[PDB]
Amino acid sequence: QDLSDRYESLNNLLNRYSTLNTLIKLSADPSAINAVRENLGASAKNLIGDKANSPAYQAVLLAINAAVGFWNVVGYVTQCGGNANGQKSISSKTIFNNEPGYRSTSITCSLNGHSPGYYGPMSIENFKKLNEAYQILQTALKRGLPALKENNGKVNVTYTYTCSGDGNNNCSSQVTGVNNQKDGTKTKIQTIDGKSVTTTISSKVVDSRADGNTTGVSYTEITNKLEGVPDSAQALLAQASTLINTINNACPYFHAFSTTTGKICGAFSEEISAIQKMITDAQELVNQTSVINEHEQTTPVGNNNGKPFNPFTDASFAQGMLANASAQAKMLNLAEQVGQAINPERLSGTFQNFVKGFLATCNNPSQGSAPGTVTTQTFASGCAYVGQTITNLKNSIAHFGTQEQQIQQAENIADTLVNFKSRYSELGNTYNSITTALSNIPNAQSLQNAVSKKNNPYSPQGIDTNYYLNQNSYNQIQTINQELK
Ligand SMILES: CC(=O)N[C@H]1[C@H](O[C@@H]2[C@@H](O)[C@H](O)O[C@H](CO)[C@@H]2O)O[C@H](CO)[C@@H](O[C@@H]2O[C@@H](C)[C@@H](O)[C@@H](O)[C@@H]2O)[C@@H]1O[C@@H]1O[C@H](CO)[C@H](O)[C@H](O)[C@H]1O[C@@H]1O[C@@H](C)[C@@H](O)[C@@H](O)[C@@H]1O
């Protein structure tokens, strides 16, 4: 009926009025503002300092694990080969160790007679980039990711690959930088995510007839040791980004899922799309960290010398407090978005099957294997704890409800303080709208005292009007409103 709508609208406005009235009062009381500030600094600590219990940590971890896991699933079908500078080769076998190959802990790039590129074999230049990102990630994950507040942790990373076959120049001193291919070294300063890392490149030739060589051919083995690689959230998401984008940029031929021959960037476009979005949301989330750290909540507000707190003039801290609280809300929203992108309960079709049946599983034999473990059975499965990270992310979000409420409270109070005059007018304006709604309901003379107000020229806080709610009238209004229907 018409009248139900009038009672519903009025009940809602009375709820709003009462909440705004409370926001005004909270914003004029330093002991309440201080408790909300303290709760806000404590949630920040949680988000940025904790692991298991931080949705921010779990969302970063999930973005990283999705990328590593994607490669563990599709690597073994992805074709690679050729000689340096992305050139076609005749007989170049280049093997990368600690990679999820078909029944192997290496991937063999041995596609001869076809020019590397889009819908062809991945060039060795791209595989070298992909593989370095993958080794950094797997090494960092085995050791464990630091909390979002530790941005200067470091890891050492070592990996090896070999070249064999007549004319293979992917391990030549020209390409590696070493003094002598048979027995050589080169050290340089390499930039990774804006940091300087020391890199040591070693080269040796193992002759076909050397002791311990069961392969029946001569090969060159190249060792890359990176010391001091950054393992921060930021740096590892950059590596996850490099890994996924290098796969997309190369878009290589594969040869095996809903498709069993094609190009990786096509048959797996939906998965790539989700994982890029996860990395980007996680990076934006990590960017919110710096806003949080810049606006700390440790100092009590209010004047300490007897001056009553005046919200019009004594609230210069509120802008920082709003930036902080808004940035923490933003971190939660993004973390939730990382989770939604890959959660199999929200997916359908071949994307759901890829996630449940491949990405989120591990074929490694056993408490499962540690993170960063590659075995002869990894291929076609994620082996990156992706199923359990989805779960730990959903759970950390659900158990962060306490802090989510406190973040909301701080956003509301800080917004009020930043905009005090304007929020205090809005209270008055909500009053005025209620007074009209009241005047336009039937026979209801005894409800017209539901709100009232009084002048107070003496407020030491500039709060020259007091706003009231009559509890009886409110209750009656609430009953009447429920009783339709
Ligand atoms: C090709 C090839 O691998 N040639 C290397 C050779 O053995 C081969 C045996 O694998 C196989 O059983 O027979 C084949 C003949 O059909 C091969 O020849 O082994 C020798 C000695 O161990 C390698 O030579 C040495 O290492 C090089 C870098 C150089 O210092 C030599 O002076 C040293 O003796 C030989 O490698 C090739 O050597 C030539 C010069 O003879 C060129 O340097 C060439 O670049 C080089 O091949 C390259 O290095 C290989 C070790 C291997 O990684 C290959 O893929 C790469 O292209």
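When a ligand or atom number is given, it counts from 1 through the structure's own listing order. For reference, positions follow the sequence shown, starting with 1.
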Undergrad: Specify whether the nearest protein heavy atom to atom 52 (C) of ligand 1 is under 4.0 angstrom away.
TA: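 Yes; the ligand atom in question has protein heavy-atom contact below 4.0 Å.
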Undergrad: Please check: side-chain N/O of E296 versus main-chain N/O of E294, any donor-acceptor pairing under 3.5 Å?
TA: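 No: the side chain of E296 does not pair with the backbone of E294.
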Undergrad: Determine whether any protein heavy atom is located less than 4.0 Å from atom 40 (C) of ligand 1.
TA: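 Looking at atom 40 (C) of ligand 1, one finds that no protein heavy atom lies closer than 4.0 Å.
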Undergrad: Counting only heavy atoms on the protein side, is anything nearer than 4.0 Å to atom 36 (O) of ligand 1?
TA: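 False for atom 36 (O) of ligand 1.
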Undergrad: Using side chain to side chain contact (heavy atoms under 4.5 Å, CB included) as the criterion, point out the one residue from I124, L130, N131 that pairs with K128.
TA: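 Answer to the side chain to side chain contact (heavy atoms under 4.5 Å, CB included) test with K128 among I124, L130, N131: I124.
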Undergrad: Is the ring pair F420/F312 parallel, tilted or perpendicular, if the boundaries are 30 and 60 degrees?
TA: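 Rings of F420 and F312: perpendicular, over 60°.
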Undergrad: Examine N168 against ligand 1 and note whether any of their N/O atoms are separated by less than 3.5 Å.
TA: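 Right, the criterion is met.
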Undergrad: Only heavy atoms of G165, strictly under 4.0 Å: list the atoms of ligand 1 that pass.
TA: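 Per the distance check, 54 (C), 55 (O), 57 (O).
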Undergrad: For atom 21 (C) of ligand 1, which candidate among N169, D207, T220, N83 provides the closest heavy atom?
TA: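 Of the listed residues, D207 has the closest heavy atom.
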Undergrad: Check each of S218, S164, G184, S172 against atom 5 (C) of ligand 1 and report the one with the nearest heavy atom.
TA: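 Nearest option to atom 5 (C) of ligand 1, by heavy atoms: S218.
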Undergrad: Among all the protein's non-hydrogen atoms, which is closest to atom 49 (O) of ligand 1, and how far away is it?
TA: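 Protein heavy atom at minimum distance: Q181 NE2, 3.3 Å.
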Undergrad: Taking only heavy atoms of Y219 into account, list the atoms of ligand 1 that are under 4.0 Å away from them.
TA: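 In order of number, 51 (C), 53 (O).
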Undergrad: Is any NZ, NE, NH1 or NH2 atom of the basic residue among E125 and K129 found under 4.0 Å from an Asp or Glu carboxylate oxygen of the other?
TA: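 Salt bridge between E125 and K129, a charged N being under 4.0 Å from a carboxylate O: yes.
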Undergrad: Report yes or no: do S89 and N168 form a side-chain donor-acceptor pair below 3.5 Å?
TA: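 The answer is no; no qualifying pair exists.
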Undergrad: Please answer whether the main-chain N or O of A238 pairs with a side-chain N or O of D193 as donor and acceptor at a distance below 3.5 Å.
TA: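 Flag not set: sc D193 to bb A238 has no pair under 3.5 Å.
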Undergrad: Are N333 and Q337 linked by a side-chain donor-acceptor pair shorter than 3.5 Å?
TA: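 Yes.
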Undergrad: As a test of the contact definition, would atom 30 (O) of ligand 1 count as having a protein heavy-atom neighbour under 4.0 Å?
TA: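 Given the 4.0 Å cut-off, atom 30 (O) of ligand 1 counts as touching protein heavy atoms.
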Undergrad: With distance as the sole criterion, is a donor-acceptor pair present between the side chains of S91 and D166 under 3.5 Å?
TA: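 Not at all, the side chains of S91 and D166 share no donor-acceptor pair under 3.5 Å.
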Undergrad: Can you see whether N46 engages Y57 through a side-chain donor-acceptor pair at a distance of less than 3.5 angstrom?
TA: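 Result is no, nothing qualifies.
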Undergrad: Students often mix this up, so state it plainly: with edges at 30° and 60°, are the rings of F70 and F268 parallel, tilted or perpendicular?
TA: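 Judged by the thresholds at 30° and 60°, the geometry between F70 and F268 is perpendicular.
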Undergrad: Could you tell me whether atom 24 (O) of ligand 1 has a protein heavy atom closer than 4.0 Å?
TA: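 Neighbour list for atom 24 (O) of ligand 1 is empty of protein heavy atoms (cut-off 4.0 Å).
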Undergrad: Evaluate the 4.0 Å heavy atom contact test for atom 44 (C) of ligand 1: does a protein atom fall under the cut-off?
TA: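 Not a single protein heavy atom is under 4.0 Å away.
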Undergrad: Does a side chain donor of either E221 or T162 reach within less than 3.5 Å of an acceptor in the other side chain?
TA: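 No, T162 and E221 have no side-chain donor paired with an acceptor closer than 3.5 Å.
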Undergrad: Can you tell which part of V205 has a heavy atom less than 4.0 Å from ligand 1: side chain, backbone, both or neither?
TA: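 Near ligand 1, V205 shows its side chain, while the N, CA, C and O stay back.
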Undergrad: If we count only non-hydrogen protein atoms and require a distance under 4.0 Å, does atom 7 (O) of ligand 1 qualify as touching the protein?
TA: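 Yes, there is one.
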Undergrad: Looking at atom 14 (C) of ligand 1, is any protein heavy atom nearer than 4.0 Å to it?
TA: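 Given the 4.0 Å cut-off, atom 14 (C) of ligand 1 does not count as touching protein heavy atoms.
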Undergrad: Atoms of ligand 1 less than 4.0 Å from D166 heavy atoms?
TA: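 Ligand 1 atoms under the 4.0 Å threshold to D166: 1 (C).
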Undergrad: What atoms of ligand 1 come within less than 4.0 Å of a heavy atom belonging to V217?
TA: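 Result: 10 (O).
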Undergrad: Do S92 and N83 have a side chain donor and acceptor closer than 3.5 Å?
TA: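 Per modelled atom types, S92 and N83 side chains form a pair under 3.5 Å.
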Undergrad: Please indicate whether any nitrogen or oxygen in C163 is less than 3.5 Å from any nitrogen or oxygen in ligand 1.
TA: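 Between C163 and ligand 1 (N or O atoms, distance only) the closest approach is under 3.5 Å.
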Undergrad: I need the atoms of ligand 1 closer than 4.0 Å to a non-hydrogen atom of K182, numbered in the order shown.
TA: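 By the 4.0 Å cutoff, the relevant atoms are 30 (O).
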